[PDB]
Each structure stands twice: as C-alpha cells, then as structure tokens.
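For neighbour counting, all protein chains shown are included, and Cβ atoms are generated from backbone atoms with ideal geometry for every residue, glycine included. What follows draws every value from the coordinates through simple rules; no lab data is involved.
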Amino acid sequence: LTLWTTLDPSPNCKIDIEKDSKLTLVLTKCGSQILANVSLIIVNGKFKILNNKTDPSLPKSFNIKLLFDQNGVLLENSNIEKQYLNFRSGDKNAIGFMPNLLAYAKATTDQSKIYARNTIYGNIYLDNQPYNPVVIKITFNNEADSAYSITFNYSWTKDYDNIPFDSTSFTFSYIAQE
Amino acid sequence: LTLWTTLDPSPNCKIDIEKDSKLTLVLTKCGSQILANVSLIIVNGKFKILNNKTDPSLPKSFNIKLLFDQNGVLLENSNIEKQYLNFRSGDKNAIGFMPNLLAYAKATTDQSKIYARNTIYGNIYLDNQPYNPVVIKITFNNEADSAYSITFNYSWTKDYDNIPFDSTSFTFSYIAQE
Amino acid sequence: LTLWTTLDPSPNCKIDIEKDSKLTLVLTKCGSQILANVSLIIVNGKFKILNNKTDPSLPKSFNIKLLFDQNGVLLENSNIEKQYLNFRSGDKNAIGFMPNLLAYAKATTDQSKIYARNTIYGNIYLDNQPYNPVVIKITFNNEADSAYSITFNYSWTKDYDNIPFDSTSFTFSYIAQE
C-alpha cells in the first residue's frame, strides 16, 4: 500500500510563493512501519537559488508541514494541498500512514517538549555536491491545530552563494498509527 | 510480520541500573530484509543525564546487547529480558528476524575479526539538538555465548555537560537468516 | 520479492582486476519502493589495501556500475556480470526492480544534468573504524548506453595508509519503475 505525490517535476508545494516547489514523497506501508522516500526541488520564489551570501535577510531554514486531520487528510494550513497525496493503483482513510500516537506523543502541556524519538535527522545535499549539506529534520506529531503531522525542517549553516535548492533523496521510516 | 517492544516510555532495559532505559525497537520482516527502527530514552542511572564534563569517571560509550539463543529468543546476559520482544497481532520462533549467518558470519577464530559488513554506523542526536551527536554502531553476530546477536554501541566524543540521553530515531536494515 | 547477490565473501565484481571484489547487494521490492542493502569487500587488486599515502598515483574514488538493458538484465559494460543477480526462492524480467524513469529521468540533452533527486549520499566506514569514512554516492539512470542504471561511486579525502577496503553496510531505498 503506497501513499504518494506525483513523481514528475511539476510543483505541488508553497514554501515562499504559490507552487514554488515539488516535494516528492513516497510512503510505503510495510506492516507496522512506513518506509518513506523524500526529495525537494525548489522551482521559484526566494529559495530557488540560495543567495545567503548576498542577501543577509534570506533565512537559513524553512519548514514543509504536512498537518493531517483525524482522517489522515491534509489540512489547509499545510504547505501542500490535500489533493497532492493519493493511493497507488490497487493489488478517505489514510490513518494507516499516520505517525503512531503512542510512539510519537503530542507535547502534554504548554511548558512541555516532545521526546526526541519523535525526530529523525539526516544530511542531504544541494545540486548533487557533498560540500552543499542541508540538515533535514523530520518531526512527528508536534504541530498545533492538527491530529497528526509530519514536519520537514531544512536548515543550513554555510552562507550559500547562488546554490540551487535541488536536493538529493533521503530514506527514513516511522511507526504507523494502525 | 513485526517483532517489537512496547511503544510507550515505560523502561524495558538495564544499561547501568535495573529498568534505567526504554529501547524502542520495531523489526518488520520485508522478505529477505528486516526493516528496523530504534530509539533510546534513559530514565534513571548514571547515563540519564550525561555529566562527562563534571564526572571524568563516567564512560563515553555503552552497549545494549540483544543476545539470541538458536530459537531467536533473548538470553539472560542481554540488556533486555526475553519478555520485552513480542509479535504484533496477526493478519517461540523468531529465527526469521535473526541476522543472516552467511552475510554476518561469526569470528572464525580467537585471533579473528568479523567482516565490516556485520556493522552499520549512524549518527543520532541527544535532546533533539544537532550539536549533541552520538555514534550508533550496530553489529550483528559478534557476541560470545550467543547464537545470534544485535549489539547497539552508543559512543560520543564531546564532554557533555548535563545533556539528557533522550535520543532521536534511526532506521536501518539487515539481511534475515530465513 | 528479492533480487540479490550471494551473501558469501566469494568475489563477483571487477573494480581494477577480474574478481577483485564482492559487492553484496540485496534489493527487496516493497510495493512502489525498493529497500536496498549494500556492502563491499575488496579482495585483490590496487584497492584491496588503500595505500594513498605511499602511492600518489592511486585514485581516491572509483565506480561500481550496474548498467541494465530494457529487460532489467545487466549489460556487459557493468562491473558485475548478469549471472551475479538472481531472484530469491518463491512464496528474465526485473523491470519491477529498476529505478523509476519519471522520478529519476535521464539527462535530456548533452549540455543537461540529471536532477539531484537521482542521487543518494551516505557515509560508510572502512575496517569498521569511524575514522575511515568513505562517501558512498548512489545515482540512478545517469549512464550512457544503458536503459537503467545504479552507479555506486566510492570516494574519500584522507590519504589512507594501508587501510583494507572492507566496508560497513548501508541501507537506502529508491522508487521502482513498475
């Protein structure tokens, strides 16, 4: 069972401006675990070409938030509209793809933090060069006004000088709600 | 088919003192490969808060050893008792979850080493901060007085100063015995 | 469904000289995604022991190329002969294991580059030591005179001084053609 984006380069995401990016995301249910594959191409807007070195007002991090309602359907405040995730031809209800509430509990309180296990860290690379690292930080179930969430935080420390945000691929897994 | 711990924060592991830690471990059989998801929270004992900077006697590494008998059931000398791994509701014999003996051969001799392929390295992070790295080193079939083993070695180089051992999640895979 | 090498240490690969290496590669079909496990042992030839420090003519990178024909069968110019990948006993046509053409498009032109999403980066370690890093760079569908390809580029920056090329294991996933 697969929940996925399209695989073409057609944008499906708003980081800065409408349709400025393509998040390619493939979620494969393997029983209790979701096997996840993600990449990002930024096609337009201020993050298409990282110009941190000549624009000190440009941020060195952003989020792509997948905020799910209790049915496992994306909410309006997500970076991607709900039409852009679909099931692959057979061989709504996407609760089976949602991050497990017991493994990845919400913050209990307003003064409370999630456990670190709700997060995965990985290194990905811009423009297919190992000297352009970006930290991809993936956090489950840590967003206000949502039933479930997957948040992709992208951050970097180098003052990049006209580097296209064309990211390498990253694989990870998380424990499924059901 | 899944072999797993509970997903709650309840401790199941002894690193230093009884029940000082929760190793959350999810093993999903995907035919010839086990898809594995692991995190660690240390709740009590000397490693709950890393105080290397003010306690030079505190180690900068420890092991969590899963020593299996030839039936794929944990042995007494493991860091976790055999009750703490169970099969997930259907849709002992856990030999299907054991690390493959041909791919991950035991040391032949007393002067002999395993092949490096018996090991995976990953970086995880304490307290959900990228400046708190720990090396997670996972080795198959390298333990005395066991049929199979999975060893999780955690090590670090920074003299951490009151950092909670609350680890981010890590995904890996290994080749199954059958 | 699994497409795999043998798991023993028997060489199956030519980097420098005939049969100088064993690439252990396990490809598990999980619906739309291939779960991949890879390791490399170099048994003979100039890369068996990295002597960069005392042989400045020795390269600090090499490729293992799996060039597939449109049937998903290895081509002669690959580093491995087509006999060395087989299906695991049931429970040619390997197009189901091929990297997806829409997700991992070929270079359009002669002046054109692939998208970065065609590549995965990982760090592996020689002789099971964390101070012997090698960058493993895996690229899909980027080779001339092939229908599909998986290229494993191994590179390093340290002038290694008699370090055996006995690599740790690495897991990754990619999107399947069908």
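A compact table of results
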| quantity | calculated |
| --- | --- |
| Chain B residue with Cβ closest to the axis mapping B onto A, distance in whole Å | B:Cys30, 3 |
| Centroid-to-centroid separation of region C:68-101 and region B:1-40 [C-alpha atoms, Å] | 35 Å |
| Test item: B:105-117 mean partner chain Cβ contacts at 10 Å | 4 |
| 7 Å along Cα→Cβ, label-point gaps from B:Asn77 to other copies, nm, shortest first | 5.4, 5.4 |
| Dipole magnitude (debye, nearest 20) for the protein assembly as shown, charges at Cβ of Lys, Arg, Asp, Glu | 80 debye |
| Other-copy label distances relative to B:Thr109, 7 angstrom Cα-Cβ extension, nm | 5.9, 5.9 |
| Integer Hz, Karplus 6.51/-1.76/1.60 couplings in order for region B:126-139, x for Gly and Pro | 8, 6, 6, 10, x, 8, 10, x, 10, 7, 9, 10, 10, 10 |
| Assigned charges on the beta-carbon of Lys, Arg, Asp, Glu; region A:60-124 dipole about Cα centre (debye) | 220 debye |
| Amide H within-cut-off set for C:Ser78, under 5 Å, with H built and near neighbours excluded | C:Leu67 |
| Peptide C:131-141, shielding by other chains (average Cβ, 10 Å cutoff) | 1 |
| Sorted by Cβ density within 10 Å, fewest first, the residues B:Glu143, B:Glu81 | B:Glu81, B:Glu143 |
| Least to most buried among C:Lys137, B:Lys14 (fewest other Cβ within 10 Å first) | B:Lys14, C:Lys137 |
| Peptide-level mean, for A:23-29, of C-beta atoms on other protein chains within 10 Å | 4 |
| A:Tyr125 long-range amide H proximity, modeled H, under 5 Å | A:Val134, A:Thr168 |
| Table column - 3J(HN,Hα) (Hz), region B:28-35, Karplus curve with 6.51, -1.76, 1.60, x for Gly and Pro | 10, 6, 10, x, 7, 10, 9, 8 |
| Computed magnitude of the charge dipole of region A:2-161 (debye, nearest 20; Cβ of K, R +1, Cβ of D, E -1) | 320 debye |
| Karplus-derived HN-Hα couplings along region A:106-113 (A = 6.51, B = -1.76, C = 1.60, θ = phi - 60°), whole Hz, x at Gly and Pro | 5, 3, 6, 9, 8, 7, 10, 10 |
| Exposure proxy ranking, count of Cβ atoms within 10 Å, fewest first, for A:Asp110, C:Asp8 | A:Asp110, C:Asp8 |
| Other-copy label distances relative to A:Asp127, 7 angstrom Cα-Cβ extension, nm | 3.7, 3.7 |
